[PDB]
>>> print(open('my_file36.pdb').read())   # PDB, C-alpha atoms
ATOM      1  CA  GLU V 278      41.584  38.291  77.871  1.00  0.00           C
ATOM      2  CA  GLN V 279      42.755  39.563  81.258  1.00  0.00           C
ATOM      3  CA  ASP V 280      39.748  38.507  83.334  1.00  0.00           C
ATOM      4  CA  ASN V 281      37.012  38.627  80.694  1.00  0.00           C
ATOM      5  CA  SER V 282      34.550  35.939  79.606  1.00  0.00           C
ATOM      6  CA  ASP V 283      32.512  38.225  77.343  1.00  0.00           C
ATOM      7  CA  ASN V 284      35.510  38.887  75.081  1.00  0.00           C
ATOM      8  CA  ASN V 285      33.983  40.655  72.074  1.00  0.00           C
ATOM      9  CA  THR V 286      36.501  38.626  70.079  1.00  0.00           C
ATOM     10  CA  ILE V 287      34.767  35.667  68.438  1.00  0.00           C
ATOM     11  CA  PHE V 288      35.959  32.564  66.596  1.00  0.00           C
ATOM     12  CA  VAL V 289      34.705  31.762  63.087  1.00  0.00           C
ATOM     13  CA  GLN V 290      35.642  28.404  61.567  1.00  0.00           C
ATOM     14  CA  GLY V 291      34.522  27.011  58.218  1.00  0.00           C
ATOM     15  CA  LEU V 292      35.260  29.609  55.565  1.00  0.00           C
ATOM     16  CA  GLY V 293      36.943  28.050  52.536  1.00  0.00           C
ATOM     17  CA  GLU V 294      39.285  30.064  50.306  1.00  0.00           C
ATOM     18  CA  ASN V 295      37.154  33.049  51.322  1.00  0.00           C
ATOM     19  CA  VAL V 296      38.291  33.808  54.881  1.00  0.00           C
ATOM     20  CA  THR V 297      38.965  37.519  54.375  1.00  0.00           C
ATOM     21  CA  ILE V 298      38.715  40.531  56.681  1.00  0.00           C
ATOM     22  CA  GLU V 299      36.355  42.530  54.488  1.00  0.00           C
ATOM     23  CA  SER V 300      34.405  39.367  53.720  1.00  0.00           C
ATOM     24  CA  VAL V 301      33.848  38.756  57.413  1.00  0.00           C
ATOM     25  CA  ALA V 302      33.446  42.466  58.035  1.00  0.00           C
ATOM     26  CA  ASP V 303      30.905  42.662  55.213  1.00  0.00           C
ATOM     27  CA  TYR V 304      28.725  39.802  56.455  1.00  0.00           C
ATOM     28  CA  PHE V 305      29.543  40.195  60.157  1.00  0.00           C
ATOM     29  CA  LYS V 306      28.564  43.867  60.361  1.00  0.00           C
ATOM     30  CA  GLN V 307      24.807  43.434  60.764  1.00  0.00           C
ATOM     31  CA  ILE V 308      24.664  41.990  64.275  1.00  0.00           C
ATOM     32  CA  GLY V 309      27.031  44.665  65.534  1.00  0.00           C
ATOM     33  CA  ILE V 310      30.303  46.509  65.001  1.00  0.00           C
ATOM     34  CA  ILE V 311      33.534  44.741  64.075  1.00  0.00           C
ATOM     35  CA  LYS V 312      36.743  45.753  65.860  1.00  0.00           C
ATOM     36  CA  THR V 313      37.830  48.556  63.522  1.00  0.00           C
ATOM     37  CA  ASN V 314      41.558  49.306  63.322  1.00  0.00           C
ATOM     38  CA  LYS V 315      43.301  52.659  63.737  1.00  0.00           C
ATOM     39  CA  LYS V 316      45.675  51.904  60.856  1.00  0.00           C
ATOM     40  CA  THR V 317      43.123  51.104  58.165  1.00  0.00           C
ATOM     41  CA  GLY V 318      40.088  52.464  59.982  1.00  0.00           C
ATOM     42  CA  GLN V 319      38.414  49.183  59.051  1.00  0.00           C
ATOM     43  CA  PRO V 320      37.317  46.019  60.947  1.00  0.00           C
ATOM     44  CA  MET V 321      39.997  43.702  62.353  1.00  0.00           C
ATOM     45  CA  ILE V 322      39.895  39.921  62.044  1.00  0.00           C
ATOM     46  CA  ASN V 323      42.557  37.243  62.519  1.00  0.00           C
ATOM     47  CA  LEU V 324      42.683  34.768  59.643  1.00  0.00           C
ATOM     48  CA  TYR V 325      45.034  31.900  58.802  1.00  0.00           C
ATOM     49  CA  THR V 326      46.279  31.720  55.210  1.00  0.00           C
ATOM     50  CA  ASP V 327      48.808  29.505  53.433  1.00  0.00           C
ATOM     51  CA  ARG V 328      52.121  30.918  52.210  1.00  0.00           C
ATOM     52  CA  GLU V 329      53.462  27.840  50.410  1.00  0.00           C
ATOM     53  CA  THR V 330      50.587  27.592  47.940  1.00  0.00           C
ATOM     54  CA  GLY V 331      49.233  31.094  48.487  1.00  0.00           C
ATOM     55  CA  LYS V 332      45.721  30.261  49.659  1.00  0.00           C
ATOM     56  CA  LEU V 333      43.548  30.324  52.785  1.00  0.00           C
ATOM     57  CA  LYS V 334      43.068  27.830  55.620  1.00  0.00           C
ATOM     58  CA  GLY V 335      39.389  28.359  56.345  1.00  0.00           C
ATOM     59  CA  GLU V 336      39.558  29.625  59.920  1.00  0.00           C
ATOM     60  CA  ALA V 337      39.601  33.130  61.415  1.00  0.00           C
ATOM     61  CA  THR V 338      38.740  35.007  64.596  1.00  0.00           C
ATOM     62  CA  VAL V 339      36.637  38.164  64.371  1.00  0.00           C
ATOM     63  CA  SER V 340      37.073  41.038  66.820  1.00  0.00           C
ATOM     64  CA  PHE V 341      34.046  43.041  67.986  1.00  0.00           C
ATOM     65  CA  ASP V 342      33.807  46.588  69.353  1.00  0.00           C
ATOM     66  CA  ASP V 343      30.968  45.536  71.668  1.00  0.00           C
ATOM     67  CA  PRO V 344      31.439  42.493  73.976  1.00  0.00           C
ATOM     68  CA  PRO V 345      27.656  41.875  74.328  1.00  0.00           C
ATOM     69  CA  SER V 346      27.401  42.104  70.547  1.00  0.00           C
ATOM     70  CA  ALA V 347      29.772  39.152  70.196  1.00  0.00           C
ATOM     71  CA  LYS V 348      27.473  36.917  72.230  1.00  0.00           C
ATOM     72  CA  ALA V 349      24.378  38.011  70.327  1.00  0.00           C
ATOM     73  CA  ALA V 350      26.240  37.056  67.159  1.00  0.00           C
ATOM     74  CA  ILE V 351      27.089  33.615  68.453  1.00  0.00           C
ATOM     75  CA  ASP V 352      23.425  33.217  69.302  1.00  0.00           C
ATOM     76  CA  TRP V 353      22.667  33.697  65.607  1.00  0.00           C
ATOM     77  CA  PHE V 354      25.611  32.521  63.501  1.00  0.00           C
ATOM     78  CA  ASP V 355      26.971  29.649  65.615  1.00  0.00           C
ATOM     79  CA  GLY V 356      26.643  27.337  62.625  1.00  0.00           C
ATOM     80  CA  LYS V 357      25.883  29.804  59.840  1.00  0.00           C
ATOM     81  CA  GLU V 358      27.220  29.711  56.287  1.00  0.00           C
ATOM     82  CA  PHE V 359      30.051  31.616  54.612  1.00  0.00           C
ATOM     83  CA  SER V 360      29.182  32.230  50.957  1.00  0.00           C
ATOM     84  CA  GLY V 361      27.805  28.689  50.892  1.00  0.00           C
ATOM     85  CA  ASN V 362      30.004  26.866  53.408  1.00  0.00           C
ATOM     86  CA  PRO V 363      29.210  26.329  57.120  1.00  0.00           C
ATOM     87  CA  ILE V 364      30.784  28.309  59.978  1.00  0.00           C
ATOM     88  CA  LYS V 365      30.952  28.116  63.773  1.00  0.00           C
ATOM     89  CA  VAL V 366      30.966  31.400  65.691  1.00  0.00           C
ATOM     90  CA  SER V 367      32.112  31.232  69.316  1.00  0.00           C
ATOM     91  CA  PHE V 368      32.990  33.548  72.209  1.00  0.00           C
ATOM     92  CA  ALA V 369      36.754  33.298  71.696  1.00  0.00           C
ATOM     93  CA  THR V 370      37.437  29.945  73.351  1.00  0.00           C
ATOM     94  CA  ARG V 371      40.657  29.385  75.298  1.00  0.00           C
ATOM     95  CA  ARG V 372      43.532  27.580  73.581  1.00  0.00           C
ATOM     96  CA  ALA V 373      45.825  25.524  75.815  1.00  0.00           C
ATOM     97  CA  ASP V 374      46.519  22.122  77.369  1.00  0.00           C
ATOM     98  CA  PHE V 375      44.764  20.261  80.187  1.00  0.00           C
ATOM     99  CA  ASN V 376      41.317  19.384  78.839  1.00  0.00           C
ATOM    100  CA  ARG V 377      39.158  16.497  80.056  1.00  0.00           C
ATOM    101  CA  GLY V 378      41.999  14.725  81.835  1.00  0.00           C
ATOM    102  CA  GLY V 379      43.932  15.309  85.035  1.00  0.00           C
ATOM    103  CA  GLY V 380      42.680  16.024  88.534  1.00  0.00           C
ATOM    104  CA  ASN V 381      38.945  16.122  87.860  1.00  0.00           C
ATOM    105  CA  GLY V 382      36.755  14.454  85.253  1.00  0.00           C
ATOM    106  CA  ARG V 383      35.638  11.403  87.226  1.00  0.00           C
ATOM    107  CA  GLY V 384      31.994  10.360  87.197  1.00  0.00           C
ATOM    108  CA  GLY V 385      31.052   6.743  87.785  1.00  0.00           C
TER     109      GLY V 385
END
>>> encode(input="my_file36.pdb", output="structure tokens")
Amino acid sequence: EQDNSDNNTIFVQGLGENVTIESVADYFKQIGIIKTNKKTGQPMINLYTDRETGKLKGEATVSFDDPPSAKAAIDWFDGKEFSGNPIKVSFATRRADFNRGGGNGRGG
């Protein structure tokens, strides 16, 4: 964020009732260092869990202490498996409107 395309922050999708911080920190600590927190002194990852049923969603973003390390990870994981399931590691894509439709896009 704030003028940065190599955002160490990555995006992991495809967990499955296993999207945890330590789980991601445990398996995503070989390629590089995970964004450790100053409160718990441990890696920091954003995960989406359910509150109505009390389960997980299966999607979470992992923060990295080294921007270049995030890319190197994507080069490897980008379609890896989480305890059996498949995942998709990215370079923290942008979330917003205006995509493939508007001013540009032509091509005929």
>>> residues_around(input="my_file36.pdb", residues="range 370-375 of chain V", least_positions_apart="4", cutoff="9 Å", atoms="only C-alpha atoms", output="MDAnalysis selection string")
chainID V and resid 287:288 379
>>> residues_around(input="my_file36.pdb", residues="range 317-333 of chain V", least_positions_apart="4", cutoff="8 Å", atoms="only C-alpha atoms", output="VMD selection string")
chain V and resid 293 to 299 301 to 302 311 to 313 337 to 340
>>> atom_distance(input="my_file36.pdb", atom1="CA of residue 363 in chain V", atom2="CA of residue 291 in chain V")
5.5 Å
>>> atom_distance(input="my_file36.pdb", atom1="CA of residue 359 in chain V", atom2="CA of residue 376 in chain V")
29.4 Å
>>> closest_residue(input="my_file36.pdb", among="V:352, V:346, V:335, V:381", to="residue 289 in chain V", atoms="all atoms listed in the file")
V:335
>>> residues_near_point(input="my_file36.pdb", point="(26.5, 34.9, 71.2)", cutoff="12 Å", atoms="only C-alpha atoms", output="ChimeraX atom specification")
/V:282-289,308-309,341,343-356,365-369
>>> atom_distance(input="my_file36.pdb", atom1="CA of residue 316 in chain V", atom2="CA of residue 281 in chain V")
25.4 Å
>>> closest_residue(input="my_file36.pdb", among="V:357, V:342, V:382, V:290", to="residue 304 in chain V", atoms="all atoms listed in the file")
V:357
>>> axis_aligned_box(input="my_file36.pdb", around="range 326-333 of chain V", padding_each_side="8 Å", output="AutoDock Vina command-line options")
--center_x 48.5 --center_y 29.7 --center_z 51.6 --size_x 25.9 --size_y 20.1 --size_z 23.3
>>> build_atoms(input="my_file36.pdb", residues="range 338-353 of chain V", atoms="N, CA and C atoms", output="PDB file, in the frame of the given file")
ATOM      1  N   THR V 338      39.407  34.416  63.444  1.00  0.00           N
ATOM      2  CA  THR V 338      38.740  35.007  64.596  1.00  0.00           C
ATOM      3  C   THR V 338      38.349  36.445  64.285  1.00  0.00           C
ATOM      4  N   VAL V 339      37.128  36.817  64.635  1.00  0.00           N
ATOM      5  CA  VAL V 339      36.637  38.164  64.371  1.00  0.00           C
ATOM      6  C   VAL V 339      36.537  38.980  65.653  1.00  0.00           C
ATOM      7  N   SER V 340      37.121  40.179  65.648  1.00  0.00           N
ATOM      8  CA  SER V 340      37.073  41.038  66.820  1.00  0.00           C
ATOM      9  C   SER V 340      35.848  41.948  66.762  1.00  0.00           C
ATOM     10  N   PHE V 341      35.234  42.193  67.917  1.00  0.00           N
ATOM     11  CA  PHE V 341      34.046  43.041  67.986  1.00  0.00           C
ATOM     12  C   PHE V 341      34.276  44.243  68.902  1.00  0.00           C
ATOM     13  N   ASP V 342      33.667  45.374  68.555  1.00  0.00           N
ATOM     14  CA  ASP V 342      33.807  46.588  69.353  1.00  0.00           C
ATOM     15  C   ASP V 342      32.900  46.548  70.582  1.00  0.00           C
ATOM     16  N   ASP V 343      31.903  45.668  70.554  1.00  0.00           N
ATOM     17  CA  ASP V 343      30.968  45.536  71.668  1.00  0.00           C
ATOM     18  C   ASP V 343      30.918  44.093  72.172  1.00  0.00           C
ATOM     19  N   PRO V 344      31.432  43.837  73.391  1.00  0.00           N
ATOM     20  CA  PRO V 344      31.439  42.493  73.976  1.00  0.00           C
ATOM     21  C   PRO V 344      30.076  41.803  73.898  1.00  0.00           C
ATOM     22  N   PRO V 345      28.998  42.461  74.368  1.00  0.00           N
ATOM     23  CA  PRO V 345      27.656  41.875  74.328  1.00  0.00           C
ATOM     24  C   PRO V 345      27.229  41.539  72.905  1.00  0.00           C
ATOM     25  N   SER V 346      27.724  42.320  71.950  1.00  0.00           N
ATOM     26  CA  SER V 346      27.401  42.104  70.547  1.00  0.00           C
ATOM     27  C   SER V 346      27.970  40.775  70.062  1.00  0.00           C
ATOM     28  N   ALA V 347      29.135  40.405  70.583  1.00  0.00           N
ATOM     29  CA  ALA V 347      29.772  39.152  70.196  1.00  0.00           C
ATOM     30  C   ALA V 347      28.895  37.963  70.564  1.00  0.00           C
ATOM     31  N   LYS V 348      28.340  37.992  71.770  1.00  0.00           N
ATOM     32  CA  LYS V 348      27.473  36.917  72.230  1.00  0.00           C
ATOM     33  C   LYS V 348      26.236  36.824  71.348  1.00  0.00           C
ATOM     34  N   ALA V 349      25.575  37.956  71.153  1.00  0.00           N
ATOM     35  CA  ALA V 349      24.378  38.011  70.327  1.00  0.00           C
ATOM     36  C   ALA V 349      24.638  37.417  68.947  1.00  0.00           C
ATOM     37  N   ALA V 350      25.861  37.590  68.454  1.00  0.00           N
ATOM     38  CA  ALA V 350      26.240  37.056  67.159  1.00  0.00           C
ATOM     39  C   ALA V 350      26.292  35.544  67.222  1.00  0.00           C
ATOM     40  N   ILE V 351      26.959  35.044  68.254  1.00  0.00           N
ATOM     41  CA  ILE V 351      27.089  33.615  68.453  1.00  0.00           C
ATOM     42  C   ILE V 351      25.716  32.970  68.541  1.00  0.00           C
ATOM     43  N   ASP V 352      24.791  33.697  69.141  1.00  0.00           N
ATOM     44  CA  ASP V 352      23.425  33.217  69.302  1.00  0.00           C
ATOM     45  C   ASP V 352      22.758  33.016  67.944  1.00  0.00           C
ATOM     46  N   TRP V 353      23.222  33.766  66.951  1.00  0.00           N
ATOM     47  CA  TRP V 353      22.667  33.697  65.607  1.00  0.00           C
ATOM     48  C   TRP V 353      23.511  32.813  64.688  1.00  0.00           C
TER      49      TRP V 353
END
